[PDB]
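Examining the three-dimensional arrangement
Given next are the chains, with one letter for each unit.
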Amino acid sequence: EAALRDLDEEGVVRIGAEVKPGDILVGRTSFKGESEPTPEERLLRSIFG
Amino acid sequence: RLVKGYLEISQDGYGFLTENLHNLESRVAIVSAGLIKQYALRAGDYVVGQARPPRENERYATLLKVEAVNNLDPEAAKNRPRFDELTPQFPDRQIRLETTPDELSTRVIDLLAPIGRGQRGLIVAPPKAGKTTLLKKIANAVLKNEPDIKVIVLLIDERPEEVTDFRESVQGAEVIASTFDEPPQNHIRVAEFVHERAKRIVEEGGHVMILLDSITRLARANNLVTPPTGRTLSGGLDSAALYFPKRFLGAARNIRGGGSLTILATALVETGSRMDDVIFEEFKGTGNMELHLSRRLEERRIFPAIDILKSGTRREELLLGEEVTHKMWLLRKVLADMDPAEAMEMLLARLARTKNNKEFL
Amino acid sequence: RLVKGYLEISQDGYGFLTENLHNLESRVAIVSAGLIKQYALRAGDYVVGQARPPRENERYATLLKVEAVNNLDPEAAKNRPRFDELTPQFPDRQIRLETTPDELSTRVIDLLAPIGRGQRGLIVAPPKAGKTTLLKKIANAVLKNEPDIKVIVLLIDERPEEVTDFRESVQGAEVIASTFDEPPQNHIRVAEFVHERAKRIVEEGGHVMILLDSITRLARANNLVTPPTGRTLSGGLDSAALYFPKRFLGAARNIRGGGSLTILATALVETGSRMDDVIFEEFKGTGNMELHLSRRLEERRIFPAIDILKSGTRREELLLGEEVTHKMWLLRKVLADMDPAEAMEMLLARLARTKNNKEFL
Ligand SMILES: Nc1ncnc2c1ncn2[C@@H]1O[C@H](COP(=O)(O)OP(=O)(O)O)[C@@H](O)[C@H]1O
Ligand SMILES: Nc1ncnc2c1ncn2[C@@H]1O[C@H](COP(=O)(O)OP(=O)(O)O)[C@@H](O)[C@H]1O
Ligand code: BEF
Ligand SMILES: [Mg+2]
Ligand SMILES: [Mg+2]
């Protein structure tokens, strides 16, 4: 999240921002598990939100 | 003289009144059986009555007449309901537990194991698990959140320095102790006197909180007092002995007619003793709440070191309204899964945020 | 004619004076029951007195008058509180241990089991498992860091060559012994007689360090002592065998009124005997410290063969200052993780770098 400062809008990085190797360009999220996600992180987000 | 002192009716129909040491002492006074028949009273009642100074060759003064019994007139003593005839219910007066001093552990206790009035639960752990420390924490929690209720703590067969630390740190609450130094007959005498007095207080429609220390080593104390076992229940239990723990334990109940009797106590488990396992199994089917405690979590110094999955309550609805019932239902459908150790650290982190209601909110 | 030594009141109402041989000697002097009453004396007190030689047909010297008791006049001895009501606290006076011969072992001890005056500690491991010479090391370190404390060592049920060896190698400090060759009765006599002298010695506000060899080998030797003592527990134990060992060990305590009584003893565990293991847990609920030693370490000749993970103190803050308690708080949050064998070598290296405080420095 600290390096997320260059990722301004929803997923796409802001124009005119310099990038180094190893820096996020587009933030894409897949599903945690193919058939069942991690119960740890699932229940994490369940009781936070 | 004001006589704060409870009937220890001896074998021959005369009685004794122990002192603030909560054990047989000097200020015992004879309680004749004629007064027992006259007043229709039960032993252990708070009796005040005129006493004459002892005379030559006369050892224990005779009670001339009870003026105020239980701070009440004799006729109330003559005509008052019998305890065993009272209707037991499920606990309906839940006990809220929010603590600033340890928000984490006590808030885990609350959100996981809610407590009601009349509750008969059992928290269990192996030896050297600070079960006494948890007793201290919950005692302070009750003294803070519910000061109205009478809090009483009984300690059996334990270290004296811990007793002193508790009594200094309990801030005047009724703390009864019987160290392992004391011979076991003293242990059982004190335990049963507390039992009868508490029965009287509940019989007077009170909210009586009894915090018993370590029912399992208390059971060993009984076995040390109780010779035969009859036939050896594996390793030396006893049927008729444990009945006194059984009577002392199952007496806790929610009474529909006012007042309540909630007693909570802890068990020693995983001691390599089949006896301890048998007592745990035997009272497990008796109590409506259980709070298991994993040793290796205490090894990790993580407090509370609860075995959460084994822990649970009966009649979750009867302490929690249908909206709270269903929200707890959802929360159990949620939390019934995630792994114990990580559960303990990351739940510690997540409940470190805010108040229990605030955390839920 | 001056008679000197420790008072051993015989059961027949008269007494004896035992000498440095630390057993039943013939240098005994009679203290009748009437003498006991009128001086209110206890056995074991450091007695210096005048006596007369035994008469015709009479075999043991008879006391004439008492002059010195525990290096004090008898008149003050009549006026002194007895041990039982003495207010105990938790240990408050720790002992720094960096010894030039083996600073590593003492450093591990300080980091894992800080030692304070009045501590009831323990070390647990099977037979032939790293105990006695470690006891030697800690005794020697105490002989330098706290020369003021009267340090006493008791050996029960061990090989005479070890007895002699530690005898010269302790540098004259108080070493008591009772080999397994000896009958159990001598074991009991010596053990309880040391117990009671230590009771009186701490009774004078003294700090007493008791280095008991083999607490659970003492337990096994007591089972051999145990003629019946009650009903068969699991593993072959009976009911009341423990009480004399329990009254023996639980006497360890930190007293508010000055002095201390710190007893460290070595426990044998994992012997494949239900008896031995059950004694391990039941005395585990008695001590304020245990030091585990696993055998995979020692079969590798890894020393000190300490199971670091299982070891831990009670109430660090009560013995260790808030800054010190906080720094060990952080450190235990740090040192809890690393895995046993790799833990052994990396922690050994880390403490081999510099001294404990120097490591913090
Ligand atoms: N929740 C806790 N908070 C603080 N200390 C604890 C806790 N649980 C266990 N301990 C530690 O465990 C040690 C021994 O357990 P203790 O609580 O005294 O025995 P019991 O098994 O009777 O509860 C105590 O010195 C205490 O420091
Ligand atoms: N600090 C140590 N380092 C290396 N070896 C030790 C240490 N302490 C004890 N030992 C060895 O371990 C053995 C255990 O001593 P002892 O307590 O008499 O045996 P046990 O308790 O197993 O019957 C001793 O013979 C000694 O040689
Ligand atoms: F005691 Be169980 F609920 F049958
Ligand atoms: Mg305890
Ligand atoms: Mg050895």
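**Describing the sheet that holds strand 14 (residues 307-313) of chain C**
Residues and elements named next belong to chain C. Ordered in space as 9-8-10-12-7-13-14, the seven strands form an open sheet in which the pairing is mixed. Pairing within the sheet leaves two strands with one partner each, and these edge strands are strand 9 (174-178) and strand 14. Going from strand to strand, the sheet's axes swing by 15° on average, the running direction of each strand aside. With three bridges connecting them, strand 13 (residues 289-292) and strand 14 associate as antiparallel partners. Note that in strand 14 the partner of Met289 across the bridge is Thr313.

**Structural notes on a negative patch on the surface**
The grouping of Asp337(C), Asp339(C), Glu342(C) and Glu345(C) at the surface amounts to a negative patch. Along the chain, the position of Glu345(C) falls in helix 13 (residues 340-353).

**As for the site of ligand 1**
The local shell around ligand 1 consists of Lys128(B), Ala129(B), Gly130(B), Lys131(B), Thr132(B), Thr133(B), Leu134(B), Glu162(B), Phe303(B) and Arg314(C). Flanking ligand 1 are residues from chains B and C. Here a nitrogen atom of ligand 1 and a backbone polar atom of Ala129(B) are 3.0 Å apart. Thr133(B) has a polar backbone atom sitting 3.3 Å from an oxygen atom of ligand 1. When ligand 1 sits alone it has 550 Å² of accessible area, and the protein chains cover 84% of it. With four residues, helix 4 (residues 131-145) of chain B is the single largest residue contributor to the shell around ligand 1. For the shell around ligand 1, the class distribution of residues is three nonpolar, three polar and four charged.

**Regarding helix 13 (residues 340-351) of chain B**
Between its terminal C-alpha atoms helix 13 of chain B stretches 16 Å, which fits the 16 Å expected from twelve residues at 1.5 Å a residue. Residues of helix 13 of chain B that are buried: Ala343(B), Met344(B), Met346(B), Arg350(B) and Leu351(B). Looking at the buried residues of helix 13 of chain B, the elements they touch are helix 1 (39-48) of chain A together with helix 3 (103-112), helix 10 (295-299), strand 15 (306-313) and helix 14 (356-360) of chain B.

**What about the packing of aromatic side chains?**
Tallied over the full model, the rule gives seven aromatic pairs over all chains. Ring plane angle 55° and centroid distance 6.0 Å describe the contact between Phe16(C) and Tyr60(C), whose orientation is recorded as tilted. With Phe16(C) in strand 2 (residues 15-18) and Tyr60(C) in the loop between strand 4 (46-52) and strand 5 (61-69), this pair connects stretches of sequence that are 44 residues apart. Of the residues examined, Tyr60(C) reaches a relative accessible area of 30% and is grouped as partly exposed. Both rings, one in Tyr243(C) and one in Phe244(C), keep their centres 6.0 Å apart while their planes meet at 80°; by these two values the pair is edge-to-face. A connected cluster of aromatic rings, assembled from ring pairs, spans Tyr14(B), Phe16(B) and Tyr60(B). Residue placement shows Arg315(B) over the ring face of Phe90(B); its charged tip is 5.5 Å from the ring centre. Positioned above the aromatic ring of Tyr6(C) is the side chain of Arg197(C), whose terminal nitrogen or guanidinium carbon lies 4.1 Å from the ring centre.

**Notes on the pairing of strand 14 (residues 289-293) of chain B**
Residues and elements named next belong to chain B. Among the five residues that make up strand 14, five are buried, leaving the element largely enclosed by the rest of the structure. The alternating pattern of strand 14 places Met289, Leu291 and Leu293 on one face and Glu290 and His292 on the opposite face, and all of these are buried. Note: strand 8 (residues 120-125) against strand 14, four bridges, orientation parallel. Bridge pairing in strand 14 places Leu122 opposite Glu290. One ladder, built from four bridges, connects strand 14 with strand 15; its direction is antiparallel. Looking at strand 15, one finds that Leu293 is bridged to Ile306.

**A closer look at the interface of chain B and chain C**
Across the contact, 21 residues belong to chain B and 29 residues belong to chain C. Summed over both partners, the interface of chain B with chain C buries about 2,300 Å², with 46% contributed by carbon and sulfur atoms. Sorting the residues of chain B by area buried against chain C places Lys128(B), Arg159(B) and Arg301(B) first, and these three jointly supply 30% of that buried surface. Counting across the interface, chain B meets chain C through three salt bridges. Inspection of the chain B/chain C interface yields eleven residue pairs in polar contact.

Thresholds applied
- Residue positions are given from 1 per chain in written sequence order; they need not agree with the entry numbering, and residues without coordinates are hidden.
- All chains are assigned letters beginning with A, and all ligands numbers beginning with 1, in the order in which they are written.
- Scope of values: the displayed chains only, which are part of a larger assembly.
- The basis for the side-chain values is all heavy atoms of the structure; hydrogens and waters are excluded.
- In this analysis, strands are considered paired if DSSP registers two or more bridges between them.
- Secondary structure elements follow DSSP: runs of H or I no shorter than four residues count as helices, runs of E no shorter than two count as strands, and numbering proceeds from the N terminus.
- All axes are obtained by fitting lines to C-alpha atoms, using only the stretch in contact for helices, and the reported angles, taken between N-to-C directions, cover 0 to 180 degrees.
- Each patch is built from residues lacking any salt bridge and having more than 30% relative accessible area; the joining distance is 9 Å for like charges and 5 Å for nonpolar side chains (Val, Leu, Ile, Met, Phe, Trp, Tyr).
- Here, Shrake-Rupley sampling with a 1.4 Å probe gives the accessible areas, and only protein chains in the shown set may cover a residue.
- Here, a salt bridge means any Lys or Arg side-chain nitrogen found within 4 Å of an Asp or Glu carboxyl oxygen.
- We count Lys and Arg on the positive side and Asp and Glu on the negative side, and we leave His and both chain ends out.
- Charge positions come from single atoms, namely NZ of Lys, CZ of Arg, CG of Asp or CD of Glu.
- Neighbouring residues are identified by heavy atoms, a residue being near a molecule or strand if any of them is within 4 Å of it.
- Identification of polar contacts relies on pairs of N or O atoms within 3.5 Å, with a donor-acceptor requirement for protein atoms, meaning one able to donate a hydrogen and the other able to accept it, and with residues adjacent in sequence counted only if both atoms are side-chain atoms.
- As a working rule, the residues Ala, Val, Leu, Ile, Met, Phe, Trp, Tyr, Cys and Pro are called nonpolar, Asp, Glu, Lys and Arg charged, and the rest polar, with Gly in that last group.
- What a helix should span is 1.5 Å times the count of its residues minus one.
- The cut-offs for exposure are 20% and 50% of the maximum accessible area for each residue type, with area from a 1.4 Å probe on protein chains only; residues under the lower value are buried, those over the upper are exposed, and the others partly exposed.
- Any two residues whose heavy atoms approach within 4.5 Å at even a single point are treated as in contact.
- For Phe, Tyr and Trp, where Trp contributes only its six-membered ring, two rings pair if their centres lie within 6.5 Å, and the inter-plane angle classes them as stacked under 30 degrees, edge-to-face over 60, or tilted in between.
- Think of it as a cone above the ring: NZ of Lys or CZ of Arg counts as a charge over the ring if it is within 6 Å of the ring centre and within 35 degrees of the ring normal.
- A quick way to say it: buried area is the sum, across both parts, of accessible area lost when two parts are put together, with a 1.4 Å probe.

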